[PDB]
Amino acid sequence: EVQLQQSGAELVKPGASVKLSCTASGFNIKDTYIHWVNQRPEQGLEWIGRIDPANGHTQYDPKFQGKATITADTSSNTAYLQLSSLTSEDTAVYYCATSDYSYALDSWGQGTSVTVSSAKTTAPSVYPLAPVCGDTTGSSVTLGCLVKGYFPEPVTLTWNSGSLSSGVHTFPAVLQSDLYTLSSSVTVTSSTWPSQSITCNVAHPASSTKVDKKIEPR
Amino acid sequence: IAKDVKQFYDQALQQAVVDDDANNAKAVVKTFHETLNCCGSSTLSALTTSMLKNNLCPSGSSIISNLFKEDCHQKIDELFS
Amino acid sequence: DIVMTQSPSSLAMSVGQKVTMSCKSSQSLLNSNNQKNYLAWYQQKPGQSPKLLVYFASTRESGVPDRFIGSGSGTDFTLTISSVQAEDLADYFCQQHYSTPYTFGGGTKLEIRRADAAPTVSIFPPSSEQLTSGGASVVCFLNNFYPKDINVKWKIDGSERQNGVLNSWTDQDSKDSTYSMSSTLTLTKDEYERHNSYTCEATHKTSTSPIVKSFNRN
Amino acid sequence: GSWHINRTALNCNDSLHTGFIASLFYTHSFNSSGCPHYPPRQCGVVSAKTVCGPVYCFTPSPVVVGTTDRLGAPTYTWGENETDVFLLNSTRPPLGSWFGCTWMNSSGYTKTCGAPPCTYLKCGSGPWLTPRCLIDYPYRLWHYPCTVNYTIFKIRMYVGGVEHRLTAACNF
Ligand SMILES: *[C@@H]1O[C@H](CO)[C@@H](O[C@@H]2O[C@H](CO)[C@@H](O[C@@H]3O[C@H](CO)[C@@H](O)[C@H](O)[C@@H]3O)[C@H](O)[C@H]2NC(C)=O)[C@H](O)[C@H]1NC(C)=O
Ligand SMILES: *[C@@H]1O[C@H](CO)[C@@H](O)[C@H](O)[C@H]1NC(C)=O
Ligand SMILES: *[C@@H]1O[C@H](CO)[C@@H](O)[C@H](O)[C@H]1NC(C)=O
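Here the protein sequences line up with chains A, D, B and C, keeping their order.
Letter by letter, the first sequence follows residues 1 to 218 in the deposited numbering.
Letter by letter, the second sequence follows residues 16 to 96 in the deposited numbering.
Letter by letter, the third sequence follows residues 1 to 218 in the deposited numbering.
Letter by letter, the fourth sequence follows residues 418 to 453, 490 to 571, 597 to 650 in the deposited numbering.
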């Protein structure tokens, strides 16, 4: 494929506008058609539109005409999708893709999550979870990390700066009263948790939150 | 009237083409260029090298990029479109 | 618009089997000039960007292993895997790149069948930080089980509690093909210390008797 | 910046009025002197004084090459004369750098560079993918005026694990 970099996840107030970017690397956008495709939560892929950066000719989907606006800057090798007057139905992941003469989307981007809500940005609360006292051990110890009461997505949860990779199950976030709740489990062997310290690293860039909570017994 | 202004522009260009540029008056040609966003003409395009060689031709970015300028006679004719 | 219909929606095949999924378009995607079918297949792994597998209905994209075969013509197409691996777990879309607008399919979610596994259940009492904050979240992790269909019940002093429970399921694992489930019961400190003996019960297809995990004040 | 040029061209001779300056602002007065090509020679060293305009060399994509050891162009500095050339000594990209270059000399005609023949990586030499197709670049109509009526479209290629996007013009 070819390298494409999209902008960070955006929280937009209902009724405002947002401009998402898609930067190309290693090639010139003048040689490919740039497509934009939205994917709504638990929904299929829906083609928004396409643009030819060589001439600026755009082509949109009948459902996205008037709201979506695709532009392309050749000097910066970038594509831009402008969304005007968003609603709750626009909360989705927007992908930018490249295509040749066949209009087949071969290379994609990481995706930009656009959340349209009125809820305020709330810093998370990171609580460690150690086993209950009196628990019969068996060469398998499970620890937990509860990141409760934050908004909006996303949050990055790692164990020991990401050095603890295997045996980790990070559960997807769930929405309560306009506040997200997430949990993570790490199941190592009962012989290394108290000896070697294990720490839960949580990052919430929307509120510039960086919390490193060390699990402790009892 | 259009051909009259064409001949006038050709004469003013001939004043501009007495040398490589108008000597001590190349800034006048550069003023005309920046006013029309042009650089030379199809008639004397072999002469449209010296303004670029002495940087008299207006360039918004003379560090990089590959292209060509725009004809001044073409811009003059478009001015009467 | 061209209405793409994929069949089936859900699909579960064990490792090494040959799996087939059909895509039917409301209009023939055959161009009589070049005698080529304008259909592409996309693989979207859980939490990833879609990847082009086979464009032009049969032309396999460079880099994709040769175990993916796109067959079919006219209005009916089929994506097949001769030998499915544990890493082929994803959602498969079909998209017509023939006429504007380019419509995607509904999506075939491909599960993987493994040996039926029992959930590893671990209960976690509210952290001291949360106990000093004001709330109290009892967490229950059910790691590495199969199939995904599971039931979770919360019991306080031997009485069922339903309201105030958040649940989160992980997507199927790319290694052991197991599932994980997090259940968080959130209460206030007053009602948390007002009772004793909190139990997390798990009803699964593997065990006719629920797997219970309980903890008391100490 | 990338694949761009400040000033390493010029060095043109007027000679006859054959329209060699046609592509300088080519919005009008563009045309071919006479159309009813031949295979190129090996790639060695270039001569700066006779070459006119930018030399476009073809790897998977078009790329401009500035004079070897680097050149300058700003004004008002004491010195005398410009005479510095560039290098094109290259083998095919999988085992080297690029396929072959193309430029226009001082009188108004085209000179092509190339590599020894042995799908495009195997035996290809110049910008020509096939006899009826060529890689589209901003100065294609200048170096190949007979290909004005060629239709353009976007393709993609591979040259050792790197995807290159191209515009190509073909006869139909
Ligand atoms: C710039 O390009 C033009 C046209 O491509 C060049 O003109 C041509 O130069 C070649 C040099 O090899 C001339 O070939 C010669 O032909 C004579 C007579 O057959 C032969 O005795 C020589 O051994 C040589 O092969 C060719 O005639 C000439 N074309 C003409 C005169 O119409 C030019 O040399 C290039 N370089 C510049 C202008 O610096
Ligand atoms: C590359 O340069 C050398 C001089 O060091 C020269 O002998 C050789 O012929 C050049 N390569 C080609 C393919 O001509
Ligand atoms: C295109 O190919 C046809 C083959 O019949 C030929 O007659 C024609 O001259 C070609 N055109 C160009 C511009 O090469």
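Each residue gets a CB set at the ideal place from its N, CA and C atoms; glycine is no exception.
At a cut-off of 7 Å between C-beta atoms, D:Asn39 does not count as an interface residue with respect to chain C.
Residue burial is scored here from C-beta neighbours: B:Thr199 has at least 16 other C-beta atoms within 10 angstroms and is therefore classed as buried. Out of A:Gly56, A:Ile48, A:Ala72, the CA that lies nearest to the CA of A:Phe64 is found in A:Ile48. D:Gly55 sits close to D:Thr63, with the two beta carbons spaced by under 7 Å. Minimum Cα-Cα distance from C:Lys632 among the listed residues C:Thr625, C:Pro623, C:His642 corresponds to C:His642. In terms of CA proximity to C:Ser449, C:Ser440 leads the group C:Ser440, C:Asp431, C:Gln495. Here A:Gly109 is not near A:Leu11, since their CB atoms are 7 Å or more apart.
It is roughly 25 Å from the alpha-carbon of A:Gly15 to the alpha-carbon of A:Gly149.
The alpha-carbon separation between C:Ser432 and C:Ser560 amounts to approximately 6 Å. For the region 149-178 of chain A, the residues whose beta carbon sits under 7 Å from a beta carbon of chain B are, in order, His169, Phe171, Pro172, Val174, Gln176. For the pair A:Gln82 and A:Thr71, the Cα-to-Cα distance works out to about 8 Å. Residue-level contact by beta carbon holds for C:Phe631 and chain A, with a gap shorter than 7 Å. With a cut-off of 8 Å on Cβ pairs, the region 133-145 of chain A is in contact with the region 176-190 of chain A, counting three or more such pairs. The alpha-carbon of A:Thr199 is positioned some 37 Å away from that of B:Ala12.
Annotated as proximal: B:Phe141 and B:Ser122, with beta-carbon spacing under 7 Å. Distance from the CA atom of C:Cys496 to the CA atom of C:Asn542, rounded to whole angstroms, is 6 Å. Apart from sequence neighbours up to five positions away, the residues of its chain that approach B:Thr5 with a beta-carbon distance below 6 Å are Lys24, ordered along the chain. Any Cβ of chain C closer than 7 Å to the Cβ of A:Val132 would place that residue at the interface, and such an atom is absent.
For A:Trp159 and A:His169, the gap between their C-alpha atoms comes out near 11 Å. Bounds of the beta strand (DSSP E) holding B:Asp76 are 76-81.
Around the Cβ of C:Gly506, a 10 Å sphere holds 16 or more other Cβ atoms; the residue is buried.
C:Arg634 has a beta carbon lying within less than 7 Å of a beta carbon in chain A. Judged by pairs of C-beta atoms under 8 Å, the region 73-93 of chain A touches the region 32-49 of chain A, as three or more such pairs exist. When rounded, the separation of the alpha-carbon atoms in B:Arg194 and A:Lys214 is 29 Å. In this structure, B:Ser10 places its C-beta atom within 7 Å of the C-beta atom of B:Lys109. DSSP, reduced to helix, strand and coil, places A:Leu179 outside both helices and strands of the structure shown, so it counts as coil.
With a 10 Å radius around the Cβ and a threshold of 16 neighbouring Cβ atoms, A:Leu20 comes out buried. Look at C:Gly497: its beta carbon is less than 6 Å from one of the heavy atoms in ligand 2. Between A:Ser125 and the set A:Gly8, A:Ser207, A:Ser7, A:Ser163, the nearest pair of CA atoms involves A:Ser207. In terms of Cα proximity to C:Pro493, the closest of C:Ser446, C:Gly602, C:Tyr636 is C:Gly602.
Comparing alpha-carbon positions, the option among D:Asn70, D:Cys87, D:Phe95, D:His48 lying closest to C:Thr528 turns out to be D:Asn70. Nearest in C-alpha terms to B:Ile81, of all of B:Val212, B:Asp173, B:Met21, B:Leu30, is B:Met21. When C-alpha distances from A:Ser85 are compared across A:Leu157, A:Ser107, A:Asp100, A:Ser117, the shortest belongs to A:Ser117. Minimum Cα-Cα distance from B:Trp169 among the listed residues B:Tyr146, B:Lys18, B:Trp154 corresponds to B:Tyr146. Classified as exposed, B:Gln48 has fewer than 16 neighbouring CB atoms from the shown chains inside 10 Å of its CB. Considering only beta carbons, the part of the region 183-211 of chain B lying closer than 8 Å to chain A consists of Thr184, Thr186, in chain order.
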